[PDB]
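Next up is one chain by itself, shown in structure tokens, the form deposited in one PDB entry.
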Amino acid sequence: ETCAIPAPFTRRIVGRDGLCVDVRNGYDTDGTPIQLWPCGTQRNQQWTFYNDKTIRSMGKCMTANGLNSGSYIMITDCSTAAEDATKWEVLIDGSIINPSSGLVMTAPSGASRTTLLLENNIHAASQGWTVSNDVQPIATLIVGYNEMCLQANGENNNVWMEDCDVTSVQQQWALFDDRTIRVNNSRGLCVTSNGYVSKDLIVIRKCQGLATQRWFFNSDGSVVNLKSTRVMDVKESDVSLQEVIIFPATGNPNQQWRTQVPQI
């Protein structure tokens, strides 16, 4: 009865292109901006989440310099900070949002040193974050519809459904922490949708953190495109190499996907 209150835990923040969120140069001085940087052990890269909805490194709370689109994030004293620029929420869809303003943490680019900011929630992949101590992406087999697998073929620009062969490098995907899906041995390529409308095809584009490349693996078995609320669908009509597209949720089998981790 009644969920016991958990103690403050320490984890890191993995986001765009796999980079970690860390305080610039490890300066614990109030006002220091928050930025991206390769994931290491450096204490300043560690964040402790308290029940007060506040996350803080080296004692200082993660604060939103301002509460409007464009304001940068930085650390500062919790006792003197604003009671809203210090409150954050971590959602399963991979969304880190500030309750009051409704703006979400964003990463304009995947280049380390990039200062993180508060922006309007457009569900782009630049707003996709995953907080955990395990900073690596999960390599897996994307099984679907007819026991076939999602296979990247040719010049890694197309994705067809073909008989599952675990050893086929073209059937191995890396579930990145920024909520994007990429080619295991070509993590620069992201599974992308050609649009936000039903029947819109699905191909392989360069990873740029667009709203067209942000996917959410719903617990119901479906994979959704947060921005369009459309899910991945397998064109039944096709005999072979059936293509995948984004179609309104229906519940049918060809909209079911099981991530079978081959390594973890």
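Only residues modelled in both forms are compared. Sequential numbering from 1, following the sequence displayed. Only the largest set of C-alpha atoms that superpose within 1.5 Å between the two forms is called the rigid core.
Keep in mind the form deposited in another entry is missing from the figure; the text below concerns it.
Comparing C-alpha positions between this form and the one not shown after a rigid core fit, one residue in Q136, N156, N184, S71 moves 2 angstroms or more. It is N156. After superposition on the rigid core, displacement of the C-alpha of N254 between this form and the one not shown stays below 2 Å. Superposed on the core, the two forms differ at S237: its CA moves 2 Å or more between this form and the one not shown.
In that other deposited form, the CA atoms of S237 and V231 come closer by at least 3 angstroms compared with the shown structure. Relative to the shown form, the CA atoms of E155 and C190 are brought 3 Å or more closer together in that other deposited form. Once both forms are overlaid on their core, the residue ranges between this form and the one not shown with Cα shifts reaching 2 Å in three or more consecutive positions are 154-158, 236-242.
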